[PDB]
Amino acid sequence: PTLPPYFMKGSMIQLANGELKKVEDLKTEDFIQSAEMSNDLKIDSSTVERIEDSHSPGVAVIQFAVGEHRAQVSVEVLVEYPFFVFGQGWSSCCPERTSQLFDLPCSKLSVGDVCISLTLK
């Protein structure tokens, strides 16, 4: 896949209620509150069950257990793609590269980390 420009430090992110915040300052509650505020999107916990790094040049394959039922979902992303872990924030495969490329402090995504994902409601 590819990488969008909104993970870049200083990127203005508009929360559900209209409030503006820099992407580096986003917290778990900002997402939780935004899902509540929204009339169509809700938050779904996605737990990382396995990370199969170096699938191909610059890509990792992550296997999640999405939502209540825990449906096995595997996805393919550029190593520097950051997920937002509940109570932890931006987390990727290569924190170092995500930080260098995005100037975003970042954790090491790990088996067991519950990520924030979305589904219609």
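Don't overthink the numbering: it's just position in the shown sequence, from 1.
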Quiz item: Going by the B-factors listed in the PDB entry, is the mean over the C-alpha atoms higher for 12-20 or for 93-101?
Solution: 93-101
Quiz item: Per the PDB record, is the mean Cα temperature factor higher over 65-73 or over 38-46?
Solution: 65-73
Exercise. Taking the values exactly as deposited, rank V79 by C-alpha B-factor within its chain and report the matching third: lowest, middle or highest.
Key: middle
Quiz item: Based on the entry's values, in what third of the chain does the Cα temperature factor of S56 lie: lowest, middle or highest?
Solution: lowest
Quiz item: By the record's CA B-factor, is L120 among the lowest, middle or highest third of residues in the chain?
Solution: middle
